[PDB]
Each structure stands twice: as C-alpha cells, then as structure tokens.
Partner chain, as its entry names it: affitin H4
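Only one chain is shown below, in structure tokens, and it's the form deposited without the partner chain.
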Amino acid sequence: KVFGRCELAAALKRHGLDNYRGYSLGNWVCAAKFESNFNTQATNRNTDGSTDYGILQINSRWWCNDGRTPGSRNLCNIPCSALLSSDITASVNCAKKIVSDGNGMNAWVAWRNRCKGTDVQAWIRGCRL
C-alpha cells in the first residue's frame, strides 16, 4: 500500500509515534517519505547482503528474520515480510525498539541526511490530526 501523507501521519499518531522518544510526528513522516516514498512494499538490498523492508526500511541484519541474512539477530522477533503489510503495526512496533536503541532516529540514514535539522513540521501541515 502507498500511503498518502496525511493518511500516514494519522496512522502513525494513532500508533503512538507522535513524540515517541522526543521525536515529533513530522520526523516520522519525513523519514517514511525518503526511506520508502510511503510504500509499505519497498525493499532494498544492501552490499553486506542484508535487506531493508517496508515503509521505514527496517534492516534484516538486526531487526527481522528473512531467512537469508547469515548472522541476523531478529531483535523485533518477526519475519521481515510482516513489515511489508498494509497494516503498519509491526513496522511501528519494531521502529519503537530501534529508536530506543540509543542512537535515536540516526539509525535511519535518510532521516539523518534529509530530515534532521529541517522544518519537519511542514510534513504534517494541512492534515486533520
């Protein structure tokens, strides 16, 4: 499923992401935009052989099991395919663990390079939340 900007903002908010660990909603919507372009089915393979899954591009080396990443840790205890569902619950639950890992949202390279220090508020402007 390809989410709309305000649609995603609302789903993320309902799932407890607005201000989770100090990160306003705009940060999460901006990160989703650049990581997957709001597409739940996005996947991208990395050079180390791992793969990123879903709307938030969660990595198979540490967070989910895809059955093809030797040494994967599967910290979210879920098969990576669960992250590609139209229901964003698993992606959100796993992201909560990732952002709490100590490095905050810096764990997402697109957030760090394209959202961090920007007016992220623009991402939820005009939405009924």
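Residue numbers count along the first chain shown, from 1.
Between 28-36 and 80-88, it is 80-88 that carries the larger average Cα temperature factor according to the deposited entry. Averaged over CA atoms, B-factors in the entry run higher in 70-78 than in the other of 57-65 and 70-78. The PDB entry assigns the greatest CA B-factor among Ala107, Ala9, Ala110, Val120 to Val120.
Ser100: CA B factor in the highest third of modelled residues in this chain (values from the PDB entry).
When the modelled residues of the chain are ordered by their C-alpha B factor, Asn46 lands in the highest third.
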